[PDB]
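First up is the structure itself, then whatever we jot down about it.
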Amino acid sequence: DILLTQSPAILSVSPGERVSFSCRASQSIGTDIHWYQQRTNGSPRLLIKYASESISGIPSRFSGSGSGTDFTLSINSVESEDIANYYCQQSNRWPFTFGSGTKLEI
Amino acid sequence: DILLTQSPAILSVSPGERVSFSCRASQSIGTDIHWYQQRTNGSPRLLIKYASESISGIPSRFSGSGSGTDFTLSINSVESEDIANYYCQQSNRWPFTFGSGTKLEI
Amino acid sequence: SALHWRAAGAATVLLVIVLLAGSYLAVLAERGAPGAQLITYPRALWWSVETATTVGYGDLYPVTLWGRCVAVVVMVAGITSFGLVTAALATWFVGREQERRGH
Amino acid sequence: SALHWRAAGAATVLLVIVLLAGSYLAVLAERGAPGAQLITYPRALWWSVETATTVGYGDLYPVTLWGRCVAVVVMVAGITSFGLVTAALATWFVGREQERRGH
Amino acid sequence: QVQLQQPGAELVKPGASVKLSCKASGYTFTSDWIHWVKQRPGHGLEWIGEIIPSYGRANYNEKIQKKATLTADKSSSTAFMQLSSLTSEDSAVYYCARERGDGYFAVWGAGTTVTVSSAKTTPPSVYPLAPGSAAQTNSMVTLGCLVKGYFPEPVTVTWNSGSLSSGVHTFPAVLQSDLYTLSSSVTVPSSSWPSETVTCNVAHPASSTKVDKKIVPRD
Ligand SMILES: CCCCCCCCCCCC(=O)OC[C@H](CO)OC(=O)CCCCCCCC
Ligand SMILES: CCCCCCCCCCCC(=O)OC[C@H](CO)OC(=O)CCCCCCCC
Ligand SMILES: CCCC[N+](CCCC)(CCCC)CCCC
Ligand SMILES: CCCCCCCCCO
Ligand SMILES: CCCCCCCCCO
């Protein structure tokens, strides 16, 4: 089963800064990584699919990059509404898996 | 030759707890890992084959999971009769090999 | 419309069919097997294509019994379909060579 | 019953044979060679199939001299058997095209 | 419209079992897989298993004890997950999600809050919270409403039937003697209150109750 490591579980940035979330896979998984945002008491919401593909209805602020084992979810110019938990998920091999998540803090 | 590492050589758990045995392979071996139970002065007995396949006549308590290099043998709700040595074995490449084993202690 | 040309077409239609059914069945067969990669439709369709043509790069392949069975049908349908086209071309060449022989 | 159709059948029977014997012989040849993966029957049968069809994904292959020799027979039996079916289909198309030619 | 509909809550006695549902809408292809994900309070997302309705085949996270059994009703586009013989470790929010067979969860349900306990369901008492007579106000005023003594747990508090979203925040509940209690706060310009009505809506899924409470100035 593929292990997904989300580094600092917590990330602190100042309003407007560019912030980057990290997701590392225990083995090479191409570009089969997806990102979700979960606000307090809300359900997960897809933000980026396949490492860097934009999703309709998501602020252009959000983007993703990487391939292989290292992935990054970036938010250019953070703002209050982005305060939440961020998770990555892989679909390269079977047991689809989730990372432990990273909380954004402003 | 494939090296099989069985982490804590000894595992202590309270009656009824769920316990997990670890088996790590020096290289990726798919699902070609098998588990055996050996009680004091008894001969080995197959418990799980191919990482997670049930064997006829084995308490539903036992299950396995993993693939690649990380494998787990789990016993849901430990009990006295489970006190024994647990070994993993690989059949992916040639010199079939055994792990050093993990002793269960209640 | 000659049989060989009709056969070519039919062979091509049935092959596109096998490819689609095969893609669907492979995913259905592989999900559940740890370590499996032939688990999403888009790439499974790609896998089925590279299997039917025998190119088999190795980027994807089934690891379960049922997946492999599905794989066998796809291989056979592809090898056989393309061979059918080859035989249709041979018939076309022979027929014209007889004409050119004024036979 | 025409020769080409009888030949197709026979070719198919002999091929299923080569596949089975090949699977058995590969394991017998590979066990003993460190690092070898073509060492259990179930997957060897899968290996033999993907070899006879020429798909050869690369998930399995022999590394010993005898294994490779076994592999050669399987490749040849597969390529040749499928080619035989192709030739049977060509004969069937030609025969009917002559009829349609009222020849 | 909401693509996946899940019940807000389910109370279950240890040892007993419940069957969660997930009704779906929007486009439905034979290639759709319905997934179920478990989230314990504080923890992250855990994959439980999946099912492809068009065939009924189901796979489970073999990494964990199999508590679930997935089934689906093709005719009413509803997926079911039966959890059996539960313990407090099974208490959590259970989500369902739809995957078009291409690896990612395009859409999630609101999730069903499952609480394993011997206690009994108890709807909450909603009291208003208006300032006292000697409290001076600024360009803004702060009102609220106390939701006290309820079981299982989710309670969804809205203001003015959801039309009043800004200046609002509901506090996490606290558990004491088998009953939860929390308060929700709302803040509107001081000129607009009494004049314009301000009401808090409290829906308690486990007891099928939904109550209102207008916040008027104290006598
Ligand atoms: C000696 C001659 C060869 C005999 C081989 C043994 C019989 C074949 C399969 C037994 C299945 C088994 O117990 O295993 C399923 C497996 C089991 O979990 O892995 C598998 O993935 C094996 C798949 C083999 C596919 C072969 C396709 C051939 C057209
Ligand atoms: C220049 C032309 C090519 C000549 C190559 C040399 C002769 C061939 C084999 C010698 C064996 C040897 O000493 O080695 C066996 C090996 C030895 O341990 O590895 C092997 O695995 C080599 C296998 C080669 C299989 C070839 C099958 C062809 C149908
Ligand atoms: C001698 C190798 C022959 C490989 N073939 C034909 C050439 C393809 C470029 C692959 C057909 C793929 C449809 C036939 C394989 C027959 C098993
Ligand atoms: C030729 C038979 C179809 C291929 C096997 C499908 C198995 C589906 C269930 O797992
Ligand atoms: C064609 C000859 C059979 C293949 C070689 C088998 C070798 C068996 C002993 O190791």
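Lettering of chains follows the sequences in order, A, B, ..., and the numbering in each one begins at 1.
- By a heavy-atom distance cut of under 4.5 Å, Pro34(C), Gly35(C) are the residues of residues 17-52 of chain C near chain B, going up by number.
- Taking 4.5 Å as the heavy-atom cut-off, none of the residues of residues 87-103 of chain C approach chain B.
- More than 12 heavy atoms of other residues, nucleotides or ligands shown are found within 6.0 angstrom of NZ on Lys103(B).
- Shown here is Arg24(B), whose CZ atom has no more than 12 heavy atoms of other residues, nucleotides or ligands within 6.0 Å.
- Applying the 6.0 Å contact sphere to CZ of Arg45(B) captures no more than 12 heavy atoms from other residues, nucleotides or ligands.
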